[PDB]
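Chain A is the first sequence line, chain B the second, and so forth, proteins listed ahead of strands; every chain is numbered from 1.
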Amino acid sequence: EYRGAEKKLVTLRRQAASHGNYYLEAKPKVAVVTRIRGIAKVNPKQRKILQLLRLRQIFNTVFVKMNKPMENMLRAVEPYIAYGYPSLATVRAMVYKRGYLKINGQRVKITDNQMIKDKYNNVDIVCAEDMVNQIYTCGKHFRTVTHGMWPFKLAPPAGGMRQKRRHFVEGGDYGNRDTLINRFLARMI
Amino acid sequence: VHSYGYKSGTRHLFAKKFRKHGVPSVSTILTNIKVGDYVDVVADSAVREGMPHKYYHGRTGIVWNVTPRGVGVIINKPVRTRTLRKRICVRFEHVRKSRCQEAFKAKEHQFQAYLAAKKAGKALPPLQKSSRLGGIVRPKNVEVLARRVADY
Amino acid sequence: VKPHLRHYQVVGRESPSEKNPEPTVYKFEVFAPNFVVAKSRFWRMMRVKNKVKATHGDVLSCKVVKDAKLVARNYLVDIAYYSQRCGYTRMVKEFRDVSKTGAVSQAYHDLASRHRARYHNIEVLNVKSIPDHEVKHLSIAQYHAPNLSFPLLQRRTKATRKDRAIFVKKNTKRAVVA
Amino acid sequence: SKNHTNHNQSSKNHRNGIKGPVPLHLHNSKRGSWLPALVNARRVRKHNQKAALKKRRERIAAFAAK
Amino acid sequence: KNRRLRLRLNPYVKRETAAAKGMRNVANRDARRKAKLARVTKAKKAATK
RNA sequence: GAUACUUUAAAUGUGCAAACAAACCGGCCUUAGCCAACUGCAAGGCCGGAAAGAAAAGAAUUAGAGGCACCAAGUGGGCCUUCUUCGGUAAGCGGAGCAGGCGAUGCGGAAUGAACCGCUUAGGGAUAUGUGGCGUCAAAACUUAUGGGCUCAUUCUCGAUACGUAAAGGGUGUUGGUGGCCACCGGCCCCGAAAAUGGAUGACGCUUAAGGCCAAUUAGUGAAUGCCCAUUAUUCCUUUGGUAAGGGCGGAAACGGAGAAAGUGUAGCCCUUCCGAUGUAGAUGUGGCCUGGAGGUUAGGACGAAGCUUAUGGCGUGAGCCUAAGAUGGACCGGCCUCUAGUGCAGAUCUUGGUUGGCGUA
RNA sequence: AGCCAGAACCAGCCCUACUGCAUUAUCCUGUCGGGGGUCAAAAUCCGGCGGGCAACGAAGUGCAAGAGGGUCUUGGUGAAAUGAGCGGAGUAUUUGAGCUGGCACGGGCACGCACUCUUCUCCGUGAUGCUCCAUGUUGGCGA
Ligand SMILES: [Mg+2]
Ligand SMILES: [Mg+2]
Ligand SMILES: [Mg+2]
Ligand SMILES: [Mg+2]
Ligand SMILES: [Mg+2]
Ligand SMILES: [Mg+2]
Ligand SMILES: [Mg+2]
Ligand SMILES: [Mg+2]
Ligand SMILES: [Mg+2]
Ligand code: NA
Ligand code: NA
């Protein structure tokens, strides 16, 4: 399915360019968000939003839907986060290497498909590739899959950052860096 | 500190709008209020009998009592760590019917109509599509966006 | 070595609506370190010239324009910059380089050194290669001379990183320490 | 000597949260309402209680029958 | 990183690895790139006419 | 108006609602409620129906268990900062609004600093980072680059880490820009610039910078991370506590080793698993430690009790407990379960006794 | 086997190895005319139309999937080694790339949806073991 989708998009772009028109990309549906500041001197409103996003510790990461209520929530905490649009390789790496489940209240590492099937009790989520597909394509069970997991706890980026206190556009780090979030996360996972 | 009366600091709150003075109208008189209705409490500065305190001037509540000329309303008010339910008594000139539930009532009505049509077997309307999808754009005008000498 | 700014073309429009079912499409040329900065500059230009916000807009295309073959040419660069005291000031300056991106990077460094002007306070109006007979400044014209030749004097030559030493014998090449 | 400020007060008030109001269906007393309607409602409620007692007796008899 | 864990979680990964090695093979890449360029330029030239 | 009062009118706010004691659709009962009357309206109930249990249109999210009591401590001198501000000529001055801090708190940076920057704390390894750095002091470019400009300053003196401790006006000193060899506008530098012990970019020093603006990562070769430093992040080992989560506990048989308690708390009944751990005033817990005496029980002592001494080790996170030696002593006393109190000392110009430097001095 | 060393192997973890697809056009190349300049003619530069891939490291454009070194940063030497890695059986299986025969996509199909090259495949050990501890090799020192 993935390979076919990519090929179809390539053909559509070629057909537009041949006659000199333009092809509009679909707006992104999924965002990946990581926290880049520690827990000190935070206002009550920002504190509440970060708690609701489950980002309670520096270098915690989550996946969210990129719709209007979520975007307006994300805009209010911009100095604290770095976010962007993930790729399939990034989603696979996060699930396979840093993925844990909420089982009985505990944080349990994923080690086989049987525990995934037992946690979810759904015929559409029985394996790690099912989880990957739901997260990547923003399918019907996006909330079920993401709510079922513990937030991702990542390491600091090897090689360093640029400037915590400035926006990415000003040569800093915080805010929306679009597809370039994948290079950032490859050094943290 | 020195002066704190019932109507202190209401110079702009209890005043009529520009070129809109006068007294309530027959539409206000002929409005029916039942127990259990949602109402807005808005003070009418030209009446002066049965006027609420300035705290309640923009709040919405539930009617709990109707008298020959008055209405009793329940309004939430936070005090220190809790929310109290205060009962205020006003004249009927100072309330309006609230439209805070129009969308919910409309949603229930549309659901009933859809159920009726689905049971009848009538054809359903075509569902709307998303505006965030892709497509090919055929342009009519293309321009050049630039900063020029004359701009400054 | 290589220039620190790339050349981008960004094409965009406002999202269609019942008021404007077919919006106008605009093309923009910018020099930026990456495409995110390029898109930021595009949306700023759209906001200040066409009253279109990024929150109601579509970006149709965003690519990097390739450089030509490396050849030594003269580049005229029309640029503008802001400061609080003077205000907004417009300059036209000639540079010697081998590519458009190289000339524009030169111009940015030059403005930073001689006027303390930073990237986000600068707009590039135009840049193009001009022939040899339109050069006005003699400091640039001197490089057209067909008999140009000069020696290298006062050189600071360092050894290869593997062969550097701290103490060496005075008239020889032997290293005593390191 | 006579200082006044509200500096820490909102922080204090939010530790155990601002509690929400009691739901509308609890503590719904009618005392102080317009008297004639109250007097009529009382008579209706008395008749309703009589009817409830009769209905229970009929149910018990029916179950005893079968 | 692990061979056993990766295969346990995704039993299909060996086929993907086979496809990867095939695509990295030099002769396959040369033929594929050469043929692909001819396939594209020819199709564009035909369609634009 | 006078010579700021106001039609208009934001940003940031603020009240209510968004299907399970609720609301929608039709029988019926009752009312000494309204209406000329009721088959209308109001109210309380009973019998039935429906129920994407809330679609599609960007069409929420949650380290999201709701409610209700009882008993009681400390506190009621605050102070600093950000953005608004009122008084005051001004103040490290007085008075307020919103939020964050210190007080009650260290750690890593800014040479130094309650409050700035980073980060917030069980006992330890490894890896990687933040703020800040990479001439020596001092870890890191053993003074990196196969990057571009600019700058020369003679008794406080070029300059060089924010918060934090000099103006008008001049200058052909040097580097560029606009318009017409001129007039104006810039960048660095120089005059303008005068105090009280000898002295401060932190010191030395630095000028093909070790300065100021911009930009890189081994360099027009051809592909994401130059390097160094935390009580932070990831991970591994051990402790402790949970609103903790699972499993075993009828001795399988035979004969490598032992053990195997139905359990709040222990030398924890035994395994496995997950998450938290700093703190002044203050609260509470502890098969938590120690002292004098009573009721029981179990022991010791002239082959040496109590007391005392210690480069006597061992055990315990700790309060402490136990052994060894006495080239010490000479008659009483240890453990465990209950009971009981005149029951634990470093400081109160504390009480009483004894010592002591000044001092072989005045 | 007590103490102190060195090397090997196994599990785990941590580093460095091995990498393809899209996009190039404001580009590449040949002529014609102009303009330029020299002691003459070339080039920088502009406009006509002929072709096109700058393709050995061509882009420093977007997204990428591809066993050698440590563990005095861990545990062990097979006292139930779950392994694509230890064992049994054969030689085929099915992953991609080229090339193949209704609907979709654009004003033909670059090759979406349905029905020759390139790689290893299938099968296996429950705990009448609830818990703990007891298992290599080579020297130095200790008679
Ligand atoms: Mg940094
Ligand atoms: Mg800040
Ligand atoms: Mg105090
Ligand atoms: Mg602090
Ligand atoms: Mg050093
Ligand atoms: Mg435990
Ligand atoms: Mg504590
Ligand atoms: Mg006492
Ligand atoms: Mg004492
Ligand atoms: Na210093
Ligand atoms: Na006593």
Are any of the side-chain heavy atoms of A:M149 and A:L101 separated by less than 4.5 Å?
yes
Pairs: protein N or O with nucleotides 13-15 of chain F N or O, under 3.5 Å:
residue : atom : partner : partner atom : Å
F:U14   : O2'  : B:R59   : NH1          : 3.4
F:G15   : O2'  : B:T60   : N            : 3.4
F:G15   : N2   : B:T60   : OG1          : 3.3

Round to the nearest Å and state the distance from E:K42 atom NZ to G:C111 atom P.
12 Å
Polar atom pairs (N or O), protein with nucleotides 113-117 of chain F, under 3.5 Å:
residue : atom : partner : partner atom : Å
F:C116  : OP1  : A:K41   : NZ           : 2.9
F:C117  : OP2  : A:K41   : NZ           : 3.0

To the nearest angstrom, the OH-P distance between C:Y88 and F:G177 comes to 18 Å
State whether the side chain of A:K102 and the backbone N or O of A:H147 hold a donor-acceptor pair below 3.5 Å, judged by distance alone.
yes
Under the side chain to side chain donor-acceptor pair (under 3.5 Å) rule, collect the residues that match up with D:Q9, sequence neighbours excluded.
D:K12
Which nucleotide, in any strand shown, forms a Watson-Crick or G-U wobble pair with F:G292, with both distances under 3.5 Å?
F:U340
Mind checking if G:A22 and G:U23 stack, meaning centres of the six-membered rings less than 5.5 Å apart and planes less than 30° off?
yes
Sort me out a list of protein N/O and nucleotides 91-95 of chain G N/O pairs below 3.5 Å, or just none if empty.
residue : atom : partner : partner atom : Å
G:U95   : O3'  : E:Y12   : OH           : 3.2
G:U95   : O2'  : E:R15   : O            : 2.9

Calculate the interatomic distance between A:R14 atom CZ and G:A22 atom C1'; express it in whole Å.
8 Å
Over all strands shown, is B:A103 touching base, sugar-phosphate only, or nothing at heavy-atom distances under 4.0 angstrom?
nothing
Would you kindly check whether a donor in the side chain of A:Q51 faces an acceptor in the base of F:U62, or vice versa, at under 3.5 angstrom?
no
So, do G:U31 and G:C32 stack if we ask for centres under 5.5 Å and planes under 30°?
yes
Quick one: label C:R164 by what it contacts on the DNA or RNA (base, sugar-phosphate, nothing), any heavy atom closer than 4.0 Å.
base
Between F:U234 atom P and A:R187 atom CZ, what is the distance in whole Å?
18 Å
Categorize D:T5 for me: base, sugar-phosphate, or nothing, with a 4.0 angstrom heavy-atom threshold over every strand shown.
sugar-phosphate
Taking donor-acceptor contacts at under 3.5 Å, does the side chain of D:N48 reach the base of F:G44?
yes
Across the strands shown, which category fits C:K158 at heavy-atom distances under 4.0 angstrom: base, sugar-phosphate, nothing?
sugar-phosphate
With a 3.5 Å cut-off and just heavy-atom distances, do the side chain of A:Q46 and the base of F:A99 make a donor-acceptor pair?
no
Using purine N1 to pyrimidine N3 plus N6-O4 or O6-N4 for Watson-Crick, or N1-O2 and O6-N3 for G-U wobble, both under 3.5 Å, which nucleotide pairs with G:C120?
G:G90
D:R45 CZ to F:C46 P, in whole Å, measures 14 Å
For B:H12 and B:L115, find the nucleotide of RNA chain F closest to each by heavy atoms; which residue's nucleotide sits nearer the 5' end?
B:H12
Could you tell me whether C:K69 contacts a base, only the sugar-phosphate backbone, or nothing, with contacts defined as non-hydrogen atoms closer than 4.0 Å?
base
Donor-acceptor contact present, side-chain C:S99 to main-chain C:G102, <3.5 Å:
yes
Any strand: nucleotide that pairs with F:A50 via Watson-Crick or wobble, under 3.5 Å:
none
Using a cut-off of 4.0 Å on non-hydrogen atoms, how would the nucleic acid contact of A:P44 be classed: base, sugar-phosphate, or nothing?
sugar-phosphate
Considering every strand shown, what is the Watson-Crick or G-U wobble mate of F:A42 when both distances are under 3.5 Å?
F:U31
For G:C15 and its strand neighbour G:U16, are the base ring centres under 5.5 angstrom apart and the ring planes under 30 degrees apart?
yes
Nearest whole Å is fine: how far is F:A216 P from C:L5 CG?
8 Å
Donor-acceptor pair under 3.5 Å, D:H7 side chain vs F:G101 base
yes
Hey, does B:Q101 reach any base, or is it just sugar-phosphate, or nothing, if we go heavy atoms under 4.0 Å?
sugar-phosphate
Name the nucleic acid region contacted by A:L154, choosing base, sugar-phosphate or nothing; use a 4.0 angstrom heavy-atom cut-off, strictly under.
sugar-phosphate
Applying a 4.0 Å non-hydrogen cut-off, can you work out what A:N104 is touching in the nucleic acid: base, sugar-phosphate, or nothing?
sugar-phosphate
Nucleotide of G:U26, F:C214, F:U31 approaching C:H7 most closely (side-chain heavy atoms):
G:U26
Taking the six-membered ring of A:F152 as reference, does the cationic atom of A:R98 (NZ for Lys, CZ for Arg) lie under 6.0 Å from its centre and within 45° of its axis?
no
Base-pairing assignment for F:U8 (Watson-Crick or G-U wobble, both under 3.5 Å):
none
Identify each atom pair where a protein N or O and an N or O of nucleotides 105-108 of chain F are less than 3.5 Å apart, giving names and distance.
none

Sugar-phosphate only, base, or nothing, as touched by C:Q9 at under 4.0 Å among non-hydrogen atoms:
base
Which nucleotide in G:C117, F:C98, G:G83 has an atom nearest any side-chain atom of D:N6
F:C98
Stacking between F:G53 and F:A54, judged by six-membered ring centres under 5.5 Å and planes under 30°?
no
Identify the nucleotide, in any strand shown, that forms a Watson-Crick or G-U wobble pair with F:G135, with both distances under 3.5 Å; if there is none, say none.
F:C204
F:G67: syn or anti, per glycosidic angle within 90° of 0:
anti
Base G:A84 paired with E:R3 side chain (donor-acceptor, <3.5 Å):
yes
Under 5.5 Å centre to centre and under 30° between the ring planes, is that true for the bases of F:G125 and F:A126?
yes
Calculate the interatomic distance between A:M70 atom CE and F:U61 atom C1'; express it in whole Å.
5 Å
May I ask you to say what A:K102 touches in the nucleic acid, namely base, sugar-phosphate or nothing, with a heavy-atom cut-off under 4.0 Å?
sugar-phosphate
Rounded off to whole Å, could you give me the CZ-to-P distance for the E:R29 and G:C56 pair?
11 Å
Under a 3.5 Å limit for both distances, which nucleotide forms a Watson-Crick or G-U wobble pair with G:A7, could you say?
none
Go through the structure and list residues passing side-chain contact (heavy atoms from CB on, under 4.5 Å) with C:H7, not counting sequence neighbours.
C:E29, C:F31, C:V65, C:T101
Regarding G:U121, purine or pyrimidine glycosidic angle vs 90° from 0 gives syn
Where each residue is assigned the nucleotide of RNA chain F containing its nearest heavy atom, which of C:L70 and A:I36 is assigned the position nearer the 5′ end?
A:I36
Is there a donor and acceptor pair, one atom on the side chain of A:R143 and one on the base of F:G64, closer than 3.5 Å?
yes
Counter-base of G:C27, judged by Watson-Crick or G-U geometry with both distances under 3.5 Å:
G:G52
Please classify the nucleic acid contact of B:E102 as base, sugar-phosphate, or nothing, using heavy-atom distances under 4.0 Å.
nothing
Using the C1' atom as the reference point in each nucleotide, state the distance between G:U137 and F:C142 in Å, no decimals.
45 Å
Please determine, for the side chain of C:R73, which listed nucleotide (F:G100, F:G149, G:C45) has the closest atom?
G:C45
Euclidean distance for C1', F:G192 against F:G211 (whole angstrom):
25 Å
Base, sugar-phosphate, or nothing: which does A:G160 touch, judged by heavy atoms less than 4.0 Å apart?
sugar-phosphate
For a quick check of understanding: with a heavy-atom distance under 4.0 Å over all strands, which category does C:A117 fall into, base, sugar-phosphate or nothing?
nothing
Just confirming the chi classification of G:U94, syn or anti, using 90° around 0 as the syn window.
syn
Nearest-angstrom distance, P atom, F:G97 to F:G133:
40 Å
